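Asker: sequence unavailable; structure follows:
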């Protein structure tokens, strides 16, 4: 659904068509003007950062594994005559429709008997999904993956690509897959009895030399070398695929460009009348196009074990019954062609729709992981109460759409209760300790991180014990639309730390809430604060991120009693464009204000600019008003004359309109 | 945009068609009559300057470099039916448009897929840019650049063309470039898949033997030997260029006249309907064509670092799909063929439009440089507040047209937000003193200029320091259209200043404004006064520039606060009218009137006379046969002007919204 | 003062120069001005009573 994913984008964000991606890492964000203030009994110290960049790093790598599951049939496409008043295939009108058609008379009785089983095999989501992945593999084919590269680095702990993804050879995305071609046979119209467990599709005119090569590779096993997101492992959809094309199927060309895959999709959707099938495949790919680079070192627990992708079995019986598909189809919603029409016009817009969906999910799974099991709406039972339909199993797209509904605070409506795609809530529901590997840089690591060893020499491979999952992404596109006090994503905020002159700089935060806001605002001001817990004896640093520049309470890496000693004569100025706290006395009052917002994207430590035309909000009415218009100007070549007009020179001629 | 740049010229001046330029340097100015009237405590004196020549100097020498960048598509020339009710390109109607205009309907699905990807990147501005440069290389192909010539010469200091332009030799303009030829192949109709990264253009009848050689050289690399403005380094546009000509193309001749390039441009625009693409290239050349000769030695800091010319990527899909270009083209403005009709009639008029543009930019940057970096409108954030469109980036022409709006004080509007051309604000946007290399002519040079070596000898090559960039040009064409206090370019003005007490033979001027008014009066009377800056200990002189007969405060060459000790005993008498007095007494009143303006141009120390007939006006009205003004003010670029609000400091300038 | 000036301020007026130098001494700051015309020096700390 293009419509619901479009509304997630911010108001200030004005996207263009083309986006020239030339790397496997993008820092999307915005530039804002922060007017910071520090008030005290001595006086006020004002600062101003005119261009403050708040970013979330997003990569094109992520371990996924496809499995073939059984899903509901999508009945949108079949002629409206055979359907009854309630909206189910009234068998008796099917036998009537087949009898009054251009079918062979000896096949009518035997084909009608099979109809009861074969007409309820309508799900082309798996085919469209694979054909969409082939489009983006050939478009962004020049992106590279190095084996010994830095997945994450925060100064203390480092995590390499070798650690998370073993059995991984370095190669380009184009050179990753070597897809073998499945057989594309021609359906004989005079076949005695239809062959079930072999799908048959429709086609307009002649199957081109390149269309054979695309359909051949789409219905085949994906066995990748490099762990890419749009080239993950998928099982063999089918062995053989029939195509009811009276004009013969040309043999396989071998080569094809990304423009030829768009040609193949547009013919397949139009012939089969499968637009709702495409809408399902569009939302599936939106989840599993890009995966987020973790905010903290201990936020890598989400991507340790491979999340399963639920691909519904390829099943289509249109080739055997050409009569039942015509120009008057049955559809539930009137805006059922909107998702395809959006993709054909603006293919590269999927990148923006993808980051909008994963940012919405991973933000909400952040503040869902911090609720006790003894509650009404908890970790296990947040999907059941929200869903008001009848899906087969609460997995895939249902779990991701219900998280988006919680974030935006609106009602998401789909025409069919389809349960296909990636399932994210895997590591959460387990409710056990996860052992993430790490290579150390400094020697004073295991004070900060909950490490397995207490003394570790530099360059050693250690393990961190993560119990509660910290947030993987900070809200950026969904900044101050549905604000919570955990993230504290306000435009205006203030904190009041109360100290007396008798205290020699040392302040104890009994409250946990205002400790979080103090440590966060001090980092905007470019000050390196290092607090020490009095009960346990561990240490926390506000500088625990190089992207957002905020301090969340989950950076403590421990749930206990709150007694944080901060010594305010060991505060060090780290960044540029900073206010100085030289020697405070009395009550401190910190405050900031974010005024304006400008969309910015970075890649390879350089600005990535959006190019091409101005993207519009395509509606169903905007095309069918031109159908209402029809260009009703009678196609008659009316040539109008020009009267020559003489003036002073007479050498040169001058023509007038009347 | 002819009508825009034509408005910048003064109301009294109307230039003739032809101009035989026969040098690399042209003075332009006017011969005005000044009627001064003096009054002080001693008495009254009345005089009259009968003939006074105020002029700038402009040259054909400027170091520039080309970069190929991706910009917006210009959707002008495509048929009106493919566009919907709003100003948006619908792919639903492209499928219909291509379907109705063919008998072979097998190719419609393939044609639509490729067309959707190519239409959002169509731009012929870079091709017309090179074709225009080839026209002027052949026409003015007898201009000599000598390496051991003078660039600036005052009397104390001197800059040679060895400095500012190393890696250069002595050559004529025709001898500078030795262009190779790209392959101009013929597109046979029947080819089904458009070859990627090769543009295809339409043509009228047979491609002439001469037309081949021009298109071949226009696409090739430019590698100059001598630094020339219209022969600057440009990257290779394309390798191949298809031409859908019904009659086959002829082989390349090798030689062509400047007249043959006009025939090539006129055909290429008419066939492709690329009138708005030409308008972009016309404005883009108006910036580059000429460069200023600096007013003082400090104003050479602008032209050290090579400014980047943003040339858009060459792409076009008219040759493949000639159905999309028909007899009813889509245009936003009704005056969309005025710029080509102006150039084809009067080619040599571009010289006057270029001088008008570069003057307006370099005059207003004189004020922007003096703005403090702690206000709403400053050097960093003046373009962003002005623009009211959605370009790719605030670069090239958008920066230049913003400065023209600030000069004239009128709202400038283009149909498409194009960001292509020279960016000047590079030396300005950096907090670093610039090291201008100079030659010592007189032994007393270190007293005047801020030199590194305080002791020098006639012939030594030293370096001078420039912190704040002074004005490179004085207002001549834009004289009195809007008068600032800094320049003081009034027709009628009454200057009042109080003379400081002359103790021994020296008068102390503590205030900054009073000192500016005093030396401004004494210059108009024609008295060469020399003062000593007390803080620095360097000698200032009101006779700094001889060409423009006025005193600017930037001639002091010291940003900050100071007090001046004026030498009243050594007041020389260079130019004496009857008004001219040596001994001022009490409150000095000078009231002057300027009348009888007449434009005059000098080239190689002789008068340069305009030849040919009188320019008759070509211009189209807002409506041809259009009923309702469908505003469509969403995509169109608009540039809002800023008015200078004078304040007490006088050294600092400030902008406000009118 | 403007940021373009690197701390250096010239007092054209005599009245406000006296008040600046006096209030800076209440605040306990040793300022040393230099006259541009003559070339002599003045110090605000020229008394230990008032």
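Answerer: Structure received. Residues are numbered from 1 along each chain as shown, chains lettered A, B, ... in the order given.
Asker: any idea how far residue A:79 is from residue A:112?
Answerer: As judged by Cβ to Cβ, to the nearest Å, residue A:112 and residue A:79 stand 16 Å apart. Backbone N, C-alpha and C define where each C-beta goes, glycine included.
Asker: which SSE is residue A:624 in?
Answerer: Element membership of residue A:624 [criterion: DSSP states H and E] is helix A:621-629.
Asker: pull out the buried positions in that helix.
Answerer: For helix A:621-629, a neighbour-count test (16 or more other Cβ atoms under 10 Å in any protein chain shown) marks A:622-623, A:626 as buried.
Asker: neighbour-wise, which of residue A:112 and residue A:79 wins?
Answerer: The neighbour comparison of residue A:112 against residue A:79 (other Cβ atoms under 10 Å in any protein chain shown) goes to residue A:79, with 18 against 15.
Asker: mind listing what that one touches?
Answerer: Neighbouring residues of residue A:79 by Cβ atoms under 8 Å, 6 or more residues apart in numbering or on different chains: A:97, A:324-326, A:328-330.
Asker: any chance of those in CSV, plus neighbour count?
Answerer: Output for these, formatted as CSV (neighbours: other Cβ atoms under 10 Å in any protein chain shown):
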residue, neighbour count
A:97, 17
A:324, 20
A:325, 16
A:326, 13
A:328, 7
A:329, 15
A:330, 15
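Asker: list the buried residues in stretch A:384-399.
Answerer: Going by neighbour count (16+ other Cβ under 10 Å), the buried part of stretch A:384-399 is A:386, A:391-392, A:394-399.
Asker: likewise for stretch A:438-449?
Answerer: For stretch A:438-449, using 16+ other Cβ under 10 Å, the buried residues are A:438-440, A:445-446, A:448-449.
Asker: what does the stretch 151-300 of chain A have sitting close to chain B?
Answerer: Residues of the stretch 151-300 of chain A lying close to chain B by Cβ under 8 Å from any Cβ of the partner chain are A:204-206, A:208, A:257, A:259-260, A:262-263, A:266-267.
Asker: distance to residue B:35, neighbour count and secondary structure for those residues - can I get that in TSV?
Answerer: Output for those, formatted as TSV (distance: Cβ to Cβ, whole Å; neighbours: other Cβ atoms under 10 Å in any protein chain shown; DSSP: H, G, I helix; E, B strand; the rest coil):
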residue	distance to residue B:35	neighbour count	secondary structure
A:204	86	15	coil
A:205	88	14	coil
A:206	89	14	strand
A:208	85	22	coil
A:257	76	17	coil
A:259	74	21	helix
A:260	79	23	helix
A:262	76	22	helix
A:263	79	21	helix
A:266	79	21	helix
A:267	84	20	helix
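Asker: of all these, which comes closest to residue B:126?
Answerer: Of all these, residue A:259 has the smallest distance to residue B:126: 23.8 Å, by Cβ to Cβ.
Asker: how about the contacts made by the residue of the stretch 551-658 of chain A at minimum distance from chain C?
Answerer: At 15.2 Å from chain C, residue A:577 is the closest residue in the stretch 551-658 of chain A, using Cβ to the nearest Cβ. By Cβ under 8 Å, 6+ apart, the residues touching residue A:577 are A:47-49, A:526.
Asker: farthest-apart pair in those, please.
Answerer: Greatest spatial distance among the contacts of residue A:577 (Cβ to Cβ): A:48 and A:526, at 12.5 Å.
Asker: which of those two has more neighbours?
Answerer: residue A:526 (20 against 14).
Asker: quick check: the more buried one touching residue A:575?
Answerer: Yes - in this structure, residue A:526 is within contact of residue A:575 by Cβ atoms under 8 Å, at 3.4 Å.
Asker: three-state assignment of residue A:26?
Answerer: Three-state call for residue A:26 (DSSP: H, G, I helix; E, B strand; the rest coil): strand.
Asker: isn't it right up against residue A:600?
Answerer: No - with contact defined as Cβ under 8 Å, residue A:26 does not count as touching residue A:600 (11.3 Å).
Asker: among these two, which residue is more densely surrounded?
Answerer: Each of residue A:26 and residue A:600 has its neighbours counted (other Cβ under 10 Å); residue A:26 has more, 23 against 17.
Asker: for the more buried one, list the residues it contacts.
Answerer: Counting by Cβ under 8 Å, 6+ apart, residue A:26 touches A:57-58, A:290, A:601-603, A:608.
Asker: among those, list the two that are farthest apart in space.
Answerer: Farthest-apart pair in those is A:290 and A:602; separation 14.9 Å (Cβ to Cβ).
Asker: higher neighbour count, these two?
Answerer: Comparing residue A:290 with residue A:602 by neighbour count (other Cβ under 10 Å), the higher total belongs to residue A:290, at 24 against 16.
Asker: contact partners for the more buried one?
Answerer: If a contact means Cβ under 8 Å, 6+ apart, then residue A:290 has A:26, A:58-60, A:62, A:229, A:351, A:354-355, A:358 as its contacts.
Asker: where's it relative to residue A:60, distance?
Answerer: Distance of residue A:290 to residue A:60, computed by Cβ to Cβ: 6 Å.
Asker: so residue A:38 sits in a strand?
Answerer: Yes - when three-state DSSP is applied, residue A:38 is found to be in a strand.
Asker: can you pull the contacts of it?
Answerer: Counting by Cβ under 8 Å, 6+ apart, residue A:38 touches A:44-47, A:525, A:579, A:581, A:588-590.
Asker: for residue A:214, same thing?
Answerer: Applying Cβ under 8 Å, 6+ apart, we find residue A:214 in contact with A:131, A:134, A:256, A:260-261, A:264.
Asker: nearest to chain C within the stretch 1-150 of chain A, name that residue for me.
Answerer: residue A:43 (13.0 Å).
Asker: ok, now which ones touch that residue?
Answerer: No contacts exist for residue A:43 under Cβ under 8 Å, 6+ apart.
Asker: how close does residue A:570 sit to residue A:525?
Answerer: To residue A:525, residue A:570 is 16 Å away according to Cβ to Cβ.
Asker: err, residue A:11, not the other one
Answerer: Distance from residue A:11 to residue A:525, by Cβ to Cβ: 29 Å.
Asker: likewise for residue A:83?
Answerer: Per Cβ to Cβ, residue A:83 is found 66 Å from residue A:525.
Asker: between these two, point out the one with more neighbours.
Answerer: Neighbours were counted for residue A:83 and for residue A:525 using other Cβ under 10 Å; residue A:525 has more, 24 against 15.
Asker: now do the buried residues in the lengthiest strand in chain A.
Answerer: In chain A, taking DSSP state E as the definition, the longest strand is strand A:588-603. The neighbour-count check on strand A:588-603 (16+ other Cβ under 10 Å) flags A:588, A:590, A:592, A:594, A:597, A:599-600, A:602-603 as buried.
Asker: just want the residue of the stretch 1-150 of chain A that's nearest chain B.
Answerer: Closest approach between the stretch 1-150 of chain A and chain B, counting by Cβ to the nearest Cβ: residue A:17, at 4.9 Å.
Asker: okay, and the common contacts of residue A:290 and residue A:60?
Answerer: Shared contacts of residue A:290 and residue A:60, defined by Cβ under 8 Å, 6+ apart, are found at residue A:229.
Asker: list the buried residues in stretch A:12-21.
Answerer: The neighbour-count check on stretch A:12-21 (16+ other Cβ under 10 Å) flags A:15-19, A:21 as buried.
Asker: an error on my part: the question was meant for stretch A:266-282.
Answerer: Quick answer for stretch A:266-282 (16+ other Cβ under 10 Å): A:266-269, A:271-282.
Asker: first-to-last residue distance for it?
Answerer: Using Cα to Cα, to the nearest Å, the end-to-end distance of stretch A:266-282 comes to 14 Å.
Asker: how distant is that stretch from the center of its chain?
Answerer: 20 Å (Cα atoms, centre = their mean, to the nearest Å).
Asker: confirm residue A:264 sits in a helix?
Answerer: Yes - counting by three-state DSSP, residue A:264 falls inside a helix.
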